[PDB]
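Residue-level listing of the chains:
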Amino acid sequence: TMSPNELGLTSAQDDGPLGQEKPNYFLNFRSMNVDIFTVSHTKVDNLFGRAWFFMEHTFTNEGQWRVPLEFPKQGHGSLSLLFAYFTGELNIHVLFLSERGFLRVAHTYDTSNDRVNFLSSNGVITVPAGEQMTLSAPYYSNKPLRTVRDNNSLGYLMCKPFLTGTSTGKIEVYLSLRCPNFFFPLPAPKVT
Amino acid sequence: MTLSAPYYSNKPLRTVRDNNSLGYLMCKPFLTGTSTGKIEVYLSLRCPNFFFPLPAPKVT
Amino acid sequence: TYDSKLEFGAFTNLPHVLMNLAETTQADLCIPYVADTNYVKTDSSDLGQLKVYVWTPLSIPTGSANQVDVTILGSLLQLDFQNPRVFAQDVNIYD
Amino acid sequence: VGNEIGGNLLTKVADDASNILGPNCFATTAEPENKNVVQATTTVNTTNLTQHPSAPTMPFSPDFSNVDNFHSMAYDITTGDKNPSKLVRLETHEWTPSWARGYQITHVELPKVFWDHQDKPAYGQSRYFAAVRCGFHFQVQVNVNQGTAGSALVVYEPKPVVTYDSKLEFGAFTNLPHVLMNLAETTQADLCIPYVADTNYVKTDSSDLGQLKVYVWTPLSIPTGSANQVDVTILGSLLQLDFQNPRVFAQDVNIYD
Amino acid sequence: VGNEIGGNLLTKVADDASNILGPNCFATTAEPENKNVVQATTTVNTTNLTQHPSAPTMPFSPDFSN
Amino acid sequence: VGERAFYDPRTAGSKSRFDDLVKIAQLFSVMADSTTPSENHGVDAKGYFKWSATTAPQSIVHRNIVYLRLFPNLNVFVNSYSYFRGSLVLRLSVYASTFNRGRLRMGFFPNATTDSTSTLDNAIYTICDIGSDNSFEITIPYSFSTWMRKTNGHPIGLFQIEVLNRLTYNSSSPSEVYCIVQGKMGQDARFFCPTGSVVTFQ
Amino acid sequence: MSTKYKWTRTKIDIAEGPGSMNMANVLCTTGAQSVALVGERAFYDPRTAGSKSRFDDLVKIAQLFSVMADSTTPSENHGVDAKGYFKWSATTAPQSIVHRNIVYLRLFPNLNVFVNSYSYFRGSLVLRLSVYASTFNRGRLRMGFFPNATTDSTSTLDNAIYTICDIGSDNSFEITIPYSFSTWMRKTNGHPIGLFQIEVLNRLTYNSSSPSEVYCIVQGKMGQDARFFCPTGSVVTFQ
Amino acid sequence: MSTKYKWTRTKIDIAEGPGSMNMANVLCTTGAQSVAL
Amino acid sequence: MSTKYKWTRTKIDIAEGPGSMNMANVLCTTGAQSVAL
RNA sequence: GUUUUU
RNA sequence: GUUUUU
RNA sequence: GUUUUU
RNA sequence: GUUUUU
RNA sequence: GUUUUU
């Protein structure tokens, strides 16, 4: 039968270990699970499998653009802030807004600035002007885990455009991840 | 493009008449220069579930 | 690192022990190696730190004592020292 | 009977008058989560007694193996443990050619020499224990060019010998674990010495285990052109080590009567 | 569960991370010697009721045959 | 080579990654937590109020309209998902001494909006008798016209904690104690559509 | 081994108008991409609608009666108009007309919708005349129909598809028109369905306590063999 | 398992003149799209 | 049944230089389109 | 690592 | 030449 | 006409 | 309707 | 839900 513990009478100091799926009942109540869709939208793989805006850059010349990639404190991706460590594939969505040219894109977790001077070794997929690509950067991280908060939690992204004439433009960036491994959930964030 | 939006409706059924019977559509364009234009929209549905037929409509 | 950015009252998400005085005199916490690096530099705070906060202030009656002491004891479930080095010399295992 | 019996009566009475809908009340009685128990925890030479324990906590689906499966540190897991038994340089000295037979080249206080400086692998632990019981493995090294010749006596002298050293006849020291090592023939000597004393344990930071010495069997015959600076080095390893008595940091404690 | 459950978790967790040397910690939980019980003793036409009894004592290897 | 890497959970002290987020929504968090207790006799949103020897029976120690955003953990999902469903669990933890005794009834009118003290005889309530386990729970089963409900829409209901029996004490015990109200999702909790954000975290 | 040929990605020719979007074929739209989080489907709830299943075919709606050119007031022209709401009178003589007009699908609320949706159709049409008189009133009324007729003029119905209505307990009378056209399918909004005439056969009789004239209602629906074919543009705007 | 390689959509090379319309071969026209409902 | 996923047309990635015409490999030319009836 | 999907 | 991949 | 390739 | 092709 | 198609 039902114990008084499952009826509401408990002790907060007896909750450890963390993660106790204890059932709560009353005479007219029972945990009822109802699913409205064929799958879950709470699973890390599904939720995060959907991109979210990151930032935009306007380029008037080929100069290279390197930006630290970090988890959002803004979109649905904020749900990541509930975790401390991450590891796994990283989907980067880049849009090249230009009239005539090409955009070199590359990703590295390496903090050294110089390693990115010769962009070709790193990757540098090519998005023709007016096209958008989605490259999935692997976990080539020199650190087993990525503190999820760091201003560079995610590796740096490189964008250099091979323009042809006076043409200029702007590069919008969106980020998403493939199968994410989060660990050791930390306390919920505050609001600004 | 032709995107098929699922029934992510907080209401089990959509009164068919409502000025918002169907969910809201959002369009934001990331233009680059002074370029401008126009966005035409067409709608269709995939497998529709209609219920409780009501009387025929009037004409204007 | 980001302590001020976190909402107190949610810290219950971390291995903790809300311990109600007058009920419990000791709390037990088993914490495994947790870091974003395989190894932590010796003589460093990289493994994080254990803290004790005020869930609800002390309600000490008139006559009752007013000097409550909080003590933290620690044991190593498992220890592992690898990198050799001179005596107590700061060495960087990190990049 | 009572006060334990109540969940059943209420649960039953509710049960008896139940109609088509069912009972209109359910009652369950049991023991509180905070029961009257006592917990005891023991770590190395310690015992924590608590009479008001609480449910121990821990992270989500935790792994306490504590072993790095990637081996970011490619060392034997027991490296730190065995570290203090590691081979170390106990002494170095330059034999002077003029020295007569039977002269003492160099000596090392045993066993406190393994904690000779704070830079000794064993110095760390040796501090937290007053008693010691260990075995030794010495390797006295002496290098000399082929042109030169000579011989040294590497011998282990227990406290008994060290005490009454002058009363003993040199040339008979070959009765003790030694290595008459003829230069120009051998560059190193090996000596395996077990725990030898008149007491089960020796005070840490003491010379009671005796001391290893190096004498001049036959003085160095260094030709004219040949070099004249021969160095004698004493290396030591602990075949087996054992620190028992706990004590304050490096505080002289008397294990003896 | 809890606060009874602790000897096992600590004893176990200690157990799981154990290496060649063995566990570095053991924890055991149980009831105090002074439990919440009541003792009653009756002699000729008398009854002694005590709610705070203690372990009765007696001499070494005693003989009560008298 | 379009290859995959070998992840290392051990360094995180875990034996496996975290797959479902709902479990986080099922973790208690203080409601409208503050540094100081309710200075308005608990008539505010602060889930940190005081119970007093002074307060009479039927007097209110706390009352407010509950929203998911009032909870740190939940507020995150509120800013992520658009809808949800499932029961909500609130746990009141009164921290008194072993001498203090008394009762307190906390009820909840699902979907209520009028923030006003009202008899809880018809509301989902839980009577709390001070003892050894001074943490009391109350479950609210999903109650809405719709199958799923806005994450950040209509209130969850009216939450009221009235005094049933004055907190008793003695010469060496406190005449008033501190209370904490936590909130989490039930085992049947679910979230559905991810929507834009209504706030920015830090 | 096939190592005499360097390995290569498949090469394919892209047909004309790549990127062209087909908004005519359903087989095309149903295959469109999904903005769903996991390109998933939801569980529908008919109960909330009081139904056990969704509505799959529209033809069934076209098979639902609806008043023809319904009005608030009865025909003020002795029924010679399109109003399917006219009066039958003690005054009208036999062979006199109580109603006459050319019938079109658009004259029916339900059907008019399909008329503004589909371009063609086929099948029989059913008209049901409901005369609401008292239990004392008696008489007969013959309603005929000349399929495909256009001349709106009273004419003997001896050769037309007619139905004689004798007032009794069931005062609702039906008349079926089987599909009649040169073409296999016919314009939804084209040539008239035919001439509909309801002439008096026997004067509506009555007594001291019964009405000397009653009200009539004409409904129209599609037969069980009804079908609609091509969807076309709209000719009117609903509200 | 083929989990040593990240899963990917098939990549294909598009032959010359994509979008070119062949109005000579019947085998080409009969395969054209249908505006049928 | 696979009705938990909405049915969709296959999605594929187009390799570099689509529309590029290879006039070097015979295996490429022999596969060209036919203007034959 | 069913950690694309069944 | 498993020298695309298993 | 293995005359795309085996 | 092998009415894409065999 | 054969609720893409058979």
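Per the conventions used, each chain is numbered from 1 along its written sequence, independently of whether this matches the entry, and residues without coordinates are not displayed. Whichever chain is written first is A, and whichever ligand is written first is 1; the rest continue in order. Chains on display form part of a larger assembly; values are given for the displayed part and nothing beyond it. For side-chain calculations, the full set of non-hydrogen atoms in the structure is used, while hydrogens and water are omitted. Residues with missing side-chain atoms are left out of burial classes, side-chain pairs and their counts.

- Method of determination for the deposited model, per the PDB record: X-ray crystallography, at 3.09 Å resolution.

- As named in the PDB entry, chain C is CAPSID SUBUNIT VP0, taken from Human parechovirus 1.
- For this entry, the PDB record gives the title as "Rebuild and re-refined model for Human Parechovirus 1".

- The name that the PDB entry assigns to chain B is CAPSID SUBUNIT VP1, with the source organism given as Human parechovirus 1.

**Comments concerning the overall build of chain C**
- Scanning chain C for helices and strands turns up zero helices and zero strands.
- C-alpha atoms define the radius of gyration in this analysis, and the globule rule sets the expected value at 2.2 Å times the number of residues to the power 0.38. Relative to the globule expectation of 12 Å for 95 residues, the C-alpha radius of gyration of chain C, 18 Å, shows a markedly less compact shape.
- With respect to the three principal axes, the spread of C-alpha positions in chain C is 55 × 30 × 20 Å.
- Note on classification: 1.4 Å probe, protein chains only; a residue is buried when its accessible area is under 20% of the maximum for its type, exposed when over 50%, partly exposed between these limits. Going through the 95 residues of chain C one by one, you find that 34% of them count as buried.
- The contacts in chain C between residues at least 6 apart in sequence include a share of 51% that link residues at least 24 apart.
- Neither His nor the chain termini are counted; the positive set is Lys and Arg, and the negative set is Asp and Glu. Charge positions come from single atoms, namely NZ of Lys, CZ of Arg, CG of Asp or CD of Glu. Positive and negative side-chain charges of chain C, numbering 4 and 11 respectively, have mean locations separated by a distance of 9 Å. A run of H or I in DSSP counts as a helix once it spans at least four residues, and a run of E counts as a strand once it spans at least two, with each numbered from the N terminus. When checking whether two residues touch, look at their non-hydrogen atoms; a contact exists if any pair is within 4.5 Å.

**So, the interface of chain B and chain G**
- Each partner contributes residues to the interface: chain B has 25 residues there, and chain G has 30 residues.
- The term salt bridge refers to a pairing of a side-chain nitrogen on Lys or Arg with a carboxyl oxygen on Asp or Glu at a separation within 4 Å. Summed over the shared surface of chain B and chain G, the result is zero salt bridges.
- By the criterion applied in these results, polar contacts are pairs of N or O atoms within 3.5 Å in which, for protein atoms, one can donate a hydrogen and the other can accept it, and in which residues neighboring in sequence qualify only through two side-chain atoms. Between chain B and chain G we count 10 residue pairs in polar contact in total.
- Think of it as three bins: nonpolar holds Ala, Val, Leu, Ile, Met, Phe, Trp, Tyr, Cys and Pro, charged holds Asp, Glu, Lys and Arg, and polar takes everything else, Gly as well. When the residues that make up the side of chain B that touches chain G are grouped by side-chain class, the tally is 17 nonpolar, five polar and three charged.
- Pairing geometry for strand β1 (residues 3–4) of chain B and strand β2 (residues 33–34) of chain G, over two bridges, is parallel. The residue bridging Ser4 of chain B from the neighbouring strand is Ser34 of chain G, located in β2 of chain G. Here, a strand pair is defined by DSSP locating no fewer than two bridges between the strands.

**Let's talk about the sheet that holds strand β12 (residues 230–240) of chain D**
All names here are of chain D.
- With antiparallel pairing, the four strands of this open sheet are ordered in space as β3-β12-β6-β9. Of all strands in the sheet, those bounded by a partner on one side alone are β3 (88–95) and β9 (188–193). Geometrically, the sheet is characterised by an average inter-axis angle of 15° between neighbouring strands, direction not taken into account.
- Pairing analysis gives seven bridges linking β3 to β12, with the strands arranged antiparallel. Across the sheet, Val88 pairs through a bridge with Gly236, a residue of β12. Inter-axis angles, ranging from 0 to 180 degrees, are taken between N-to-C directions of lines fitted to C-alpha atoms, where helices are fitted over the stretch in contact.

**Here we look at the side chain of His99 of chain G**
Residues and elements named next belong to chain G.
- Mapped onto the elements, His99 comes out in strand β5 (residues 97–103).
- Of note is the side chain of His99, whose polar atom sits 3.0 Å from the backbone oxygen of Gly79.
- Within the structure, the side chain of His99 is placed 2.9 Å from the side chain of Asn101, a separation counted as a polar contact.
- Not counting the four nearest positions on each side in its chain, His99 is found in contact with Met68, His78, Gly79, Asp81, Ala82, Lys83, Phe86, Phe196, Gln197 and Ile198.

**Here's the deal with the sheet that holds strand β14 (residues 227–228) of chain G**
- If you walk across this open sheet you meet the three strands as β11-β6-β14 (chain G), and the pairing is antiparallel. Taken across any chain shown, the strands that pair with only one partner, and hence form the sheet edges, are β11 (186–187) and β14 of chain G.

**Some remarks on the nonpolar core**
- We call a set of buried residues a nonpolar core when its members are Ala, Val, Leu, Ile, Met, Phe, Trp, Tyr or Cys and they connect through side-chain atoms within 4.5 Å of each other. If you look at the biggest cluster of nonpolar residues, it comprises 82 residues, and the most contacted ones within it are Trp51 and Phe77 of chain F.
- The contacts of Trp51 of chain F, once residues within four sequence positions are left out, are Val61, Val94, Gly102, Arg103, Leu104, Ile130, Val163, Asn165, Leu167, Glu176, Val177 and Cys179 of chain F.
- Judged by nonpolar contacts, the second largest core, of 42 residues, contains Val108, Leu110, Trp115 and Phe138 of chain D.

**Some thoughts on the packing of aromatic side chains**
- Ring pairs shown here join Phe, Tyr and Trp side chains whose ring centres sit within 6.5 Å, with only the six-membered ring taken for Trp; geometry is labelled stacked below 30 degrees between planes, edge-to-face above 60, and tilted in between. Scanning all chains against the criterion turns up 41 aromatic pairs over all chains.
- Taken together, a centroid distance of 4.2 Å and an interplanar angle of 5° make the contact between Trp99 of chain D and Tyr103 of chain D stacked.
- Note on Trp99 of chain D: relative accessible area 17%, which makes it buried.
- What makes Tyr103 of chain D partly exposed here is its relative accessible area of 37%.
- Members of the aromatic cluster, each reached through a chain of ring pairs, are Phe48, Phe71, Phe83, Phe86 and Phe182 of chain A, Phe60 of chain D together with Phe18 of chain F.
- Two thresholds decide whether a charge sits over a ring: the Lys NZ or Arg CZ must be within 6 Å of the ring centre and within 35 degrees of the ring normal. The aromatic ring of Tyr156 of chain A is capped on one face by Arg66 of chain A, whose charged end is 4.0 Å from the ring centroid.
- Between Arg105 of chain F and the ring centre of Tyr125 of chain F, over which it is positioned, the NZ or CZ distance is 4.6 Å.

**Focus on the environment of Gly9 of chain C**
- Relative accessible area serves as the criterion here: at 0%, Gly9 of chain C is assigned to the buried category.
- Along the primary structure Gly9 of chain C and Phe81 of chain C are separated by 72 residues, whereas in three dimensions their C-alpha atoms are 36 Å apart.
- Setting aside its immediate chain neighbours within four residues, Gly9 of chain C contacts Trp55 of chain C together with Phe28, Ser29, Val30 and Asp33 of chain F.

**Some details on empty space enclosed by the protein**
- By volume, the largest cavity is sized at about 100 Å³.
- What lines the largest cavity is a set of 16 residues, among which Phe183, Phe184 and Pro185 of chain A, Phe60 of chain D together with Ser14 of chain F lie closest to the centre.
- Here the lining of the largest cavity is composed, by residue class, of 10 nonpolar, five polar and one charged.
- Looking at the second largest cavity, its volume works out to about 80 Å³. Of the grid points, spaced at 1 Å and generated over the protein atoms alone, those admitting a 1.4 Å probe that cannot get out make up cavities, while open sets with protein on both sides within 12 Å along at least five of seven lines make up pockets; any residue with an atom within 4 Å of a point is treated as lining. Grid points are joined across faces, edges and corners, and a volume is the space filled by probe spheres set on the points.

**Concerning the protein's contact with RNA strand N**
- We call a residue near a molecule or strand as soon as one heavy atom of that residue lies within 4 Å of the molecule or strand. The environment of RNA strand N is made up of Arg46, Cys47 and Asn49 of chain B, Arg41, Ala42, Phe43, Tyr44 and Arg54 of chain G together with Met1, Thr3 and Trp7 of chain I.
- The protein-proximal atoms of RNA strand N, defined as those within 4 Å of the protein, are 42% sugar or phosphate.
- The contact in question runs from a base oxygen of RNA strand N to an N or O atom on the side chain of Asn49 of chain B, over 3.4 Å.
- In the model, a sugar or linking oxygen of RNA strand N is placed 2.7 Å from a nitrogen or oxygen of the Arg41 of chain G side chain.
- Grouping the constituent residues of the surface near RNA strand N by class yields six nonpolar, two polar and three charged.

**Some details on the interface of chain F and chain A**
- Across the boundary between the two partners, chain F contributes 52 residues, which contact 57 residues of chain A.
- Roughly 5100 Å² of surface becomes buried between chain F and chain A when both sides are summed, with 56% attributable to carbon and sulfur atoms.
- When residues of chain F are sorted by the area they lose upon contact with chain A, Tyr7, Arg17 and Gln202 of chain F head the list and together hold 15% of the total.
- Where chain F touches chain A, the interface holds five salt bridges.
- The tally of links from chain F across to chain A stands at 27 residue pairs in polar contact.
- If one sorts the elements of the side of chain F that touches chain A by residue count, helix α2 (residues 72–78) of chain F sits on top with five residues.
- Residues belonging to the side of chain F that touches chain A are distributed by class as follows: 23 nonpolar, 16 polar and 13 charged.
- Where strand β1 (residues 9–10) of chain A lies against strand β8 (residues 135–140) of chain F, two bridges are found, and the strand directions are antiparallel. Opposite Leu9 of chain A, over in β8 of chain F, you have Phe136 of chain F as the bridge partner. Once two parts are put together, the accessible area they lose, assessed with a 1.4 Å probe and summed over both, is termed the buried area.

**Let's talk about unusual backbone geometry**
- Note that the residue after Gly16 of chain A, namely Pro17 of chain A, is joined by a cis bond; omega there is 0°.
- Relative to the assigned elements, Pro17 of chain A resides in the loop between β1 and α1 (44–47).
- The linkage connecting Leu110 of chain D with the following residue, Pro111 of chain D, adopts the cis geometry, with an omega of 0°.
- You can see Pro111 of chain D is positioned in the loop between β4 (104–110) and α3 (123–126).

**Looking at the pairing of strand β10 (residues 172–177) of chain G**
All names here are of chain G.
- Along β10, the buried face is formed by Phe173, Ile175 and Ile177; none of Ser172, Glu174 and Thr176, which line the opposite face, is buried.
- Of the strand pairs in this sheet, strand β7 (residues 125–132) and β10 are connected by six bridges, and their pairing is antiparallel. In the sheet register, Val126 faces β10, and the bridge partner there is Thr176.

**Observations concerning the environment of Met58 of chain E**
All names here are of chain E.
- The topology assignment puts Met58 in the segment after β3 (46–50).
- Its relative accessible area of 53% is what places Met58 among the exposed residues.
- A C-alpha to C-alpha distance of 44 Å links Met58 and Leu21, two positions 37 residues apart in sequence.

**Quick word on the pattern of salt bridges**
All names here are of chain C.
- For the structure on display, the rule yields 32 salt bridges over all chains.
- A salt bridge links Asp43 to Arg85; the shortest N-O distance between them is 2.8 Å.
- Taking relative accessible area as the criterion, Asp43 reaches 64% and is therefore assigned exposed.
- Since its relative accessible area comes to 36%, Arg85 is described here as partly exposed.

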